[PDB]
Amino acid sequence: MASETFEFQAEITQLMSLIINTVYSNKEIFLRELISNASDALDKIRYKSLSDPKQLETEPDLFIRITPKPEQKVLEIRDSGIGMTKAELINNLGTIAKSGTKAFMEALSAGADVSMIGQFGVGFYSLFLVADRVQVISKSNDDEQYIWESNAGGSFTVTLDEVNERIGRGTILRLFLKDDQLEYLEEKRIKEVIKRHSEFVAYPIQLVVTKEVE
């Protein structure tokens, strides 16, 4: 109970401003980046489990799952990857300077394509193209479940999780989509962009659709 606030490294809060206020037209690349991160966290736990099998027991199923929640205008990208501890959330998701942050921005300025973001190692923030608020719910075998939240301001909060479903292991990227990005709540659109830029994913990508029984 009760959150802790942290300030974002100055260049990182710069990137977010840049991304959130970026009339860019190829916004669909955010799914590519998030699915890509999901697959990377699944690789880690798998590789890591090569000499530590028990690590898998917390969730034997390796997968990636997208769940749109229309009523809340939310879209969630989930994975049963290695997950992150509270330290790593605070550490890697905000307070510590990141290698490619400044470079990408300059590249972006020189006319670079926003889809290069992933090549600069800061693709997670691409999510701010379609969303104006996000929660990173994560659970690592080495710690408890926590919620990392941000609205692209200058500070972010980390809270012990007591309000969300329990994920065996992994992360959930809960994106509160912009009022004009609701198209990513639609099954067709989602399926469309997953096929366009995510053909070589090694884990099953599951889409959760809700339908009224006729």
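Note that residue numbering begins at 1 and tracks the sequence as displayed. Rigid core (definition): largest C-alpha set, two forms, superposition within 1.5 Å.
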96-104 versus 121-129: which one's CA atoms end up farther from this form in 6 other deposited structures of this protein after a core fit?
96-104
Can you tell me which stretch has the higher mean Cα B-factor, 145-153 or 22-30?
22-30
Mind pulling up the entry and telling me whether 156-164 or 185-193 has the higher mean Cα temperature factor?
185-193
Residue with maximal Cα B-factor (values as given in the PDB entry) among 175, 64, 172, 56:
56
Chain third (lowest, middle, highest) by recorded CA B-factor, residue given as residue 43:
lowest
What third of the chain does residue 71 rank in for C-alpha temperature factor, lowest, middle or highest?
highest
Among the modelled residues of its chain, the C-alpha B-factor of residue 2 falls in the third labelled highest
Tertile call for residue 213 (CA temperature factor, within chain, third-based) is the highest
Would you mind checking where the Cα B-factor of residue 13 ranks among the modelled residues of its chain, as the lowest, middle or highest third?
middle
